[PDB]
Every structure is written in C-alpha cells, then in structure tokens.
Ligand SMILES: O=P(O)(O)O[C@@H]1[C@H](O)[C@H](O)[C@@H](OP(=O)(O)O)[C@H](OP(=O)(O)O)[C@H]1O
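Heads up, the chain below is alone and in the form solved without ligand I3P; it's given as structure tokens.
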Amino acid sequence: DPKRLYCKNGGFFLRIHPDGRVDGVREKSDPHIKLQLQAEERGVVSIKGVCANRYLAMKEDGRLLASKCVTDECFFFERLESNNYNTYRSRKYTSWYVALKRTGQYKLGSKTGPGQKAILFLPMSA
C-alpha cells in the first residue's frame, strides 16, 4: 500500500519531487504523489516518495524538503484525528506539523498548530 495523502486545506495531494522539492498538486494521477509510509516505532513513520526515492524532511527553519539520505529530520508521529484524517508531527521539532497552504505550497512547520485545517491529511490508496 503506497498511498496518497490528500490535504483537507484546499484539496492538494502531497508531492515529493526528485530534485528535493515538496509541494501539493490537485492532479491525482501525478506519479510523484505516490508515497510509502514506513513505521519505525509504534506511531512513528517516515514518508518516502516512491518515484523520487527521497524522504520527507522538516528542516530547522520550518520548511519541508525531500532528502535522499534519512536523517533524524525524516521521522514523524502519526496521529489519528476525527473522521479518519491523520496528522504528522516532527519527532525532532516536536510542536511542528507537516502541512500545506490552500495554494498547494507547504506551510512552514513553525506556523502550524493542532487545530488547523492545514495539518489534516486523508490517506488514500494509490
């Protein structure tokens, strides 16, 4: 089960590009939105773009980018929210969430919070 993560905030799927960029797209057949989520501990996951073979990372200035190397910035606590939506909080920057703006650009982790629509993803089959 590779999957797609559809963000509630604006209707964009999370995309990991081969050059390291991360953003959102509305087109469901884009190959770069197919992701592999692998658990480490119970409740902790890494998120990998299948095509790109790169991991989602959150950096110290809040931005999202995709690393070919796993680092301690590539792990997220996965939490079940209401109605099957899931959130992803950094294991290193523990108050920052993975999120997309209504425009489909990422939102800095540094400006997120637990009740924002920006942090809610619906997992989908790819």
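Position 1 is the first residue in the sequence shown; the rest follow in order.
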### Query
If you average the Cα B factors in the entry, which is higher, 10-18 or 106-114?
10-18
### Query
When the C-alpha temperature factors are averaged for each of 83-91 and 32-40, which stretch ends up with the higher value in the entry?
32-40
### Task
Among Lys101, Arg26, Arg54, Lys59, single out the one with the highest C-alpha B factor in the record, please.
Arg26
### Query
For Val45, does the deposited CA B-factor place it in the lowest, middle or highest third of the chain?
lowest
### Message
Using the temperature factors of the C-alpha atoms in this entry, rank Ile119 within its chain: lowest, middle or highest third.
### Response
lowest
### Query
For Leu65, does the deposited CA B-factor place it in the lowest, middle or highest third of the chain?
highest
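Although it is not shown, the form solved in complex with ligand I3P is what the next lines describe.
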#### Entry: Non-hydrogen atom contact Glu41 with ligand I3P in the bound PDB entry at 4.5 angstroms
no
### Query
Is the gap between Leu64 and ligand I3P in the bound PDB entry 4.5 Å or less for some heavy atom pair?
yes
### Query
Quick one: is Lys59 in contact with ligand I3P in the bound PDB entry, heavy atoms, 4.5 Å cut-off?
yes
### Query
With a 4.5 Å heavy atom cut-off, would you call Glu73 a contact of ligand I3P in the bound PDB entry?
yes
